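Q: No sequence on hand, only this structure:
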Ligand SMILES: Cc1cc2nc3c(=O)[nH]c(=O)nc-3n(C[C@H](O)[C@H](O)[C@H](O)COP(=O)(O)OP(=O)(O)OC[C@H]3O[C@@H](n4cnc5c(N)ncnc54)[C@H](O)[C@@H]3O)c2cc1C
Ligand SMILES: Cc1cc2nc3c(=O)[nH]c(=O)nc-3n(C[C@H](O)[C@H](O)[C@H](O)COP(=O)(O)OP(=O)(O)OC[C@H]3O[C@@H](n4cnc5c(N)ncnc54)[C@H](O)[C@@H]3O)c2cc1C
């Protein structure tokens, strides 16, 4: 029979909970685990903010929307296994405004935003109306390969991973045989396609982003009615060993001079927790880098990956209104999102309140990168009280009025605002230190393989979305967790249970 | 005689104060100004934190150190004009530790850090010990041109501005005739030379950074004894019209239908302030982007520059100790700085406390870019109180013990720590939204010229360090301010006073 063994799961986000879910399902004799979570809260970047207990009065600060595409099958299987109430999420709605250079988009008009050279701007005339087509030409080949087989497509994409998106567009691809674009053409493509400055990160990441958001299969999207935190609730409920919150791991070690399976330990608040046969670290890499890892003897390049792999920032701001004025007054009855060059950048109309006539939540601002850092500078842990003006609220109200100026006035939007809002900047969260991995040029092809290198003789695993090829998605966390469990069972040669893992979990259970 | 005119200065940092200082010196008949500052505090990124009123018990959160090089002459002239108490600043000290891959640097040893291929790492053997030489070969030609004439050198540098530092090193320069470096070679150069990920920004910015920090003239450095805020005090004192604090400009406009000189206005807290013949905006670009600028009719590309020009992040953490253990125990008696791959990254030993035997301040962490964002995630407006652990303090104490392990133990460093510290993350400051401009590839050569474009018929100026070719220095703010004043006098044809400006201010007064 199997000897008694214990493993340590660092962090209680979806990766850590999924590891525990797999172990609980396999029911390996005499195997137990501790799950330590630094926060008082469980679920990590799955985080629903409830303004009240009212059915729809919430927004998702973390994960919100799921495209139903083959590479995401494991995520949807988790949704099914846990009985999640899925409803349609509308990525594109009806009547959503798009506002750039203070002009609204109009179909069938040349340069509606008046940013082209012909109109006194610097965007090349042959670019301004063509961003979709030109980026399709840039990304399209690789998206098609990714759609056939994600892993094979990814390996082929790695052959160009040395370039930033800007570099690829500037030079016409790796041999110069694709179209070459000037600075202002690329700037406009970035402005239309993504967050400020993000074309200065990996071309491969832009490709994958486009694969996920504009997938060749033209997928249905879903969200969880009641918020994504319902998944965390469901996952917690089934745990054989409950999450231990307020436990922040500060060091991880292995004693190589000890013959035992159980020769690993972690330190929490100066105290040693020992006897572990494997440690799965599930935290964002910023949190991992702060730990004292000397006791693991990590490869220097693996250590570099932990410090240097790039993370994007993201900020969300949600406001409550006495009625859904966007639905009633503006005819935006189907969800979707408005985009603009104004500071808010993106206004997302909830897909879960469409029938409500009373109080309603609007995700008024959703930003990334430098845009998110700038909104984030206004987001305080203790928002300013009414004896003072809230600069962030006034900014959002003013931007919303401009974006909605076709049907709304600032006065009306402000009058409908209830005075209740919430905002969150992920780079300001001490338990994450960023929104999610978005790698720089060369990182996937050079550093990532060392991040994923076996460590501590095969007993230490760096697990999570960053530790996968699908960054910024639940799927990345789940695939990473599944793969680490595979490696743990293999290491200890538990062949019955590895066979069972494959039988039950290969597509997810 | 000159008609009555009024101008508006937005923001009370060094740029805005300098504009007012110039106007006050010229004494133009019937000319007045308002200076509006959003903060309750004056001086912006000149900010000294005093722990107590004790002579040396402070650190500079903003500007701290000044190299005495020709391109900085205007800064030193300001120091002289205001009677600043300058003392030597030691960029390099004695006995400062350097720690990477958990090894201390040793002179005359091959790969002391054990990161080269020969030692089981990935840094090429021909790179690891040669970073200085290889970066000198990369930057050297341009540094020499900048040293001859900064403006001419800058114009020549613009011819390669399309490249990131990484790209320049990867491709062997613009025609491929310089050495070409692989990913891990570039990674190590970045690790040794700058903040995490910064080689993914403009090659030109890396050049200028190297020009400023390792200048061919091998300059003396200075700091202001008593802190940089003494300069703000001195500048405020002389103002003919005092700073109006707690006034946050939310919009700027010109009425083109009005024949008057005085046809510009700003909005503060919903209220109009009008009658201005020119407006000098001195704020960081993030703050400018949040204003409603429609009333200025800015060129679309000028608007893009405001949104898109890249800013770096920077974080500082200063701790007080009961005695200067670095001086007494470690022999670091001369200032300087320690560098490491640990989260703190840089530990700066003050140049102003060298003779003190009592309580003393250490700037324990000084970081940029992603390193600064990560430390910054632990920096709270209301730091956690002792009923709770302060994660940031424990991190700094642990890193300091590792960096100082040659002479110190964690226990001793912790015992000497008084429990008093202060930290600041500039990207979290709502009145800045970043530390300072650090442009991405192509930005200086493409967007910057539109940022600097005449606006509102020559009556609106975007002024500040970002609005110059020396980012991240007081000199950039002063040159920008001087140039905007020149343009204002020219616009209104005040030839006597323009001639006087040149006579008195061309090198600074
Ligand atoms: C703004 C935003 C929007 C997103 N939108 C979507 C979406 O629409 N769809 C989608 O599929 N995905 C989305 N995601 C991604 C998804 O939320 C994440 O990929 C996933 O939740 C990450 O889970 P994880 O377990 O890998 O990491 P985490 O959620 O970060 O879990 C790690 C846990 O470790 C804990 N921890 C940190 N340090 C320590 C320590 N020292 N000791 C112990 N514990 C520690 C943390 O508190 C945390 O709970 C979004 C992410 C963000 C940031
Ligand atoms: C971490 C750090 C270290 C540095 N170290 C050095 C150094 O060693 N040596 C050196 O020479 N330089 C250094 N600098 C640079 C120097 O501090 C800055 O370049 C300079 O102080 C910027 O001055 P400014 O007037 O251009 O901008 P700011 O200092 O940002 O002044 C702008 C002012 O506008 C105000 N404002 C913002 N929005 C509004 C609004 N809407 N309405 C009204 N007012 C508004 C702000 O509150 C601020 O006071 C450092 C900078 C940083 C961030």
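A: Happy to help now that I have it. Residues are numbered from 1 along each chain as shown, chains lettered A, B, ... in the order given. Ligands and ions are numbered 1, 2, ... in the order given.
Q: Going along the chain, name the strands of the stretch 401-509 of chain A.
A: For the stretch 401-509 of chain A, the strands defined by DSSP state E, counting those that start in this stretch cover A:417-425, A:436-437, A:460-462.
Q: Tell me which of these is the most buried.
A: strand A:460-462 (a mean of 26; mean count of other Cβ atoms under 10 Å in any protein chain shown). Backbone N, C-alpha and C define where each C-beta goes, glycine included.
Q: Could you name the helices and strands sitting against that one?
A: strand A:278-281, helix A:474-491 (3 or more Cβ pairs under 8 Å, 6 or more residues apart in numbering or on different chains; DSSP states H and E).
Q: Relative to residue A:402, which of these is closest?
A: Among those, the nearest to residue A:402 by Cβ to Cβ is helix A:474-491 (34.1 Å).
Q: ok, residue A:452 - contacts?
A: A:462, A:467 (Cβ atoms under 8 Å, 6 or more residues apart in numbering or on different chains).
Q: typo on my end, it should be residue A:135
A: A:189, A:193, A:210.
Q: Name the member of the residues you listed with the most neighbours.
A: Among the contacts of residue A:135, residue A:189 has the most neighbours (other Cβ atoms under 10 Å in any protein chain shown), with 24 neighbours.
Q: Indicate whether the helix or strand hosting residue A:375 makes contact with chain B.
A: Taking DSSP states H and E as the criterion, residue A:375 maps to helix A:369-376. Yes: looking at helix A:369-376 against chain B by Cβ under 8 Å from any Cβ of the partner chain, the contacts come from A:370, A:371, A:373, A:374, A:376.
Q: right, and the fourth one touches residue A:343 too?
A: The reference is to residue A:374. Yes: the criterion here is Cβ atoms under 8 Å, and residue A:374 meets it with residue A:343 at 6.7 Å.
Q: re earlier: out of the helices and strands packed on strand A:460-462, the one nearest chain B is which?
A: strand A:278-281 (16.2 Å; Cβ to the nearest Cβ).
Q: Only the buried residues of the closest one, if you could.
A: For strand A:278-281, a neighbour-count test (16 or more other Cβ atoms under 10 Å in any protein chain shown) marks A:278, A:279, A:280, A:281 as buried.
Q: coming back round to it: joint contacts of residue A:374 and residue A:343?
A: With Cβ under 8 Å, 6+ apart, residue A:374 and residue A:343 have common neighbours B:289, B:290.
Q: Those two: which has the busier surroundings?
A: residue A:374 (29 against 21).
Q: residues contacting that one?
A: Residue A:374 neighbours (Cβ under 8 Å, 6+ apart): A:343, A:367, B:286, B:289, B:290, B:433, B:434.
Q: which among these end up buried?
A: For those, a burial check counting by 16+ other Cβ under 10 Å picks out A:343, A:367, B:286, B:289, B:290, B:433, B:434.
Q: So which of those is the closest to ligand 1?
A: Distances from ligand 1 to those, taken as Cβ to the nearest ligand atom, are shortest for residue A:367 (9.5 Å).
Q: So residue A:33 is in contact with residue A:22, correct?
A: No: if you go by Cβ under 8 Å, residue A:33 and residue A:22 don't touch, sitting 10.6 Å apart.
Q: Write out the residues of the stretch 401-509 of chain A neighbouring ligand 1.
A: A:426, A:431, A:432, A:435, A:436, A:464, A:465, A:472, A:473, A:474, A:476, A:477 (Cβ under 6 Å from any ligand atom).
Q: Which one of the residues of helix A:369-376 next to chain B sits in the busiest neighbourhood?
A: Busiest of those [other Cβ under 10 Å] is residue A:374, holding 29 neighbours.
Q: quick one on the thing from earlier: strands - which of the contacts of residue A:374 land there?
A: Judged by DSSP state E, the contacts of residue A:374 include residue A:367 as members of strands.
Q: How about the residues of the stretch 351-500 of chain A by chain B?
A: So the stretch 351-500 of chain A meets chain B at A:370-371, A:373-374, A:376-378, A:380-382, A:389, A:391, A:394-395, A:398, A:402, A:427-430, A:432-434, A:440-442, A:445-447, A:450 (Cβ under 8 Å from any Cβ).
Q: what kind of secondary structure is residue A:267 in?
A: strand (DSSP: H, G, I helix; E, B strand; the rest coil).
Q: mind listing what it touches?
A: A:249, A:250, A:251, A:252, A:253, A:273, A:292.
Q: what would these look like in TSV with distance to residue B:482 and secondary structure?
A: TSV is the format used below for these (distance: Cβ to Cβ, whole Å; DSSP: H, G, I helix; E, B strand; the rest coil):
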residue	distance to residue B:482	secondary structure
A:249	53	strand
A:250	51	strand
A:251	53	strand
A:252	55	strand
A:253	58	strand
A:273	61	strand
A:292	50	strand
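Q: Farthest-apart pair in those residues, please.
A: A:273 and A:292 (14.4 Å).
Q: what are the ranges of the strands in the stretch 101-250 of chain A?
A: Using DSSP E, counting those that start in this stretch, the strands of the stretch 101-250 of chain A run over A:103-104, A:221-224, A:249-254.
Q: can you put the strands of the stretch 401-509 of chain A in TSV and add distance to residue B:338?
A: Shown next, in TSV, are these (distance: least, Cβ to Cβ, whole Å):
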stretch	distance to residue B:338
strand A:417-425	31
strand A:436-437	30
strand A:460-462	28
